[PDB]
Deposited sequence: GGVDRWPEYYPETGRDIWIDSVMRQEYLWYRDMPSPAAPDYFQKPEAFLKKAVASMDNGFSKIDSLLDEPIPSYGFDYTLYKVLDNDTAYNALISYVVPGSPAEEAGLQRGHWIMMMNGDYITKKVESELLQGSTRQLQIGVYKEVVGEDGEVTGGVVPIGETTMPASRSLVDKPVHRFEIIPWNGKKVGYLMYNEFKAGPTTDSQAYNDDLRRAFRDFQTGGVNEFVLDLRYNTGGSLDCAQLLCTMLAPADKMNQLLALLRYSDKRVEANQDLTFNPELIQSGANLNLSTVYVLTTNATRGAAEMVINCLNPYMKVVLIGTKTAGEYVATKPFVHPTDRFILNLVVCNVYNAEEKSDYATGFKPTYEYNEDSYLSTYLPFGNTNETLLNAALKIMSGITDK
């Protein structure tokens, strides 16, 4: 109706220049200078963009937190109450100092139940007193039973490292490398390789230990950098694949200059080690996304990749970050296709697992990462040994 806008908004410009699917954006509508970037984005993306592109805030530091992730389960006959099952504890966090571990359940906070009203108090706050429990079975009935209490310090701004857990497991005559790798991130700062060097260090330890089987746990890995992914692949692959094509990054017809052919590149190994493996077991959930899915797609043609868990996210294109000049947000925009050596990325809707295991259905084996009875790792160990068909 009104106003009558005259015939310059950054987000529209960065997208029309850099977006993989710029040709499939809606036609230039009437400008809306007050709309949130989120709202602009949702209306401007191509229909193929199923939440791949997204807006993220530019923060001075990570939002403070206690350092744990969880899932709520309704309490026995309490109307408003829930128990919080811990799924991940950040190293060096208040949660870890509290003595908390994956598989612990938070049952009370300072003598009060956890209700939907107070759920956000699990994310951050002051020092808290917690009643903690564990899932127990009795012969068969199961439930969360209290086992004790602890004091959790106040939340604080935390940095979580991608190399989350490491182990070498001897198992039925095999030497099994286990890696819980949670984010494709090279280092804490813009040009740091610190985490990639942590990854190399783990692979050097794996080679020293003579690992000949491998379980890569990407279950909560939401993605990140393809250069991290190239490094990881290069170190898992069979040794006769060095220098072969791994990934074909293909941008739009306006950004041909950016196209790249990534190989299994042995000069990337540096202080790490190639493990010369023929099979890899990859643990997945719906959270497993992007770069994490690229690893699966790109290793598929070259080795036996066995997927255990639940279907992956389906993010078959790569995003790159673009920072607004003044408004402090980041546009994570789809910029390229990422084909494997067979010229394919045909996992729209996600990679279906080879063997489906929902970790939430097996509460008695919801255990710390790397414990061999932990559901998804146990499955892999059984499958490689022929215990599970």
Compared with the full deposited sequence, the modelled chain skips 1-4, 12-15, 148-152, 403
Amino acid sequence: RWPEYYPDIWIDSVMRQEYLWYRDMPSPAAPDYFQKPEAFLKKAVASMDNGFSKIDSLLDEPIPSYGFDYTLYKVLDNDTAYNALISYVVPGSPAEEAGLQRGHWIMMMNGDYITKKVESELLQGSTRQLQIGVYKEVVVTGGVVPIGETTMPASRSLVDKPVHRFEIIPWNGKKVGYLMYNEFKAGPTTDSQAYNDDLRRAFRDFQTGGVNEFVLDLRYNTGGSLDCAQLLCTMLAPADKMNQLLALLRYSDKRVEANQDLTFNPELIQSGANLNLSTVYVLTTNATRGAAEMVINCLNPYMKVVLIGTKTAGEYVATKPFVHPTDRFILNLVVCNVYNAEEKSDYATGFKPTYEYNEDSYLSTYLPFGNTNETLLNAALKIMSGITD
From here on, numbers count along this sequence of modelled residues.
Check the entry's C-alpha temperature factors for 357-365 and 59-67, then say which stretch has the higher mean.
59-67
Of 311-319 and 189-197, which one has the bigger average CA B-factor?
189-197
Among 271, 234, 126, 285, highest Cα B-factor in the entry goes to 126
Which is it among 297, 279, 243, 120: the one with the largest CA B-factor in the entry?
120
Chain-wide C-alpha B factor ranking for residue 98, given as lowest, middle or highest third:
middle
Ranked against its chain, the third holding the CA B-factor of residue 348
middle
Check where residue 267 lands among this chain's C-alpha B-factors and tell me if it's the lowest, middle or highest third.
middle
Chain thirds by Cα B factor, record data; residue 49 belongs to the lowest
Pull the Cα B-factor of residue 21 out of the PDB entry and bin it into the chain's lowest, middle or highest third.
lowest
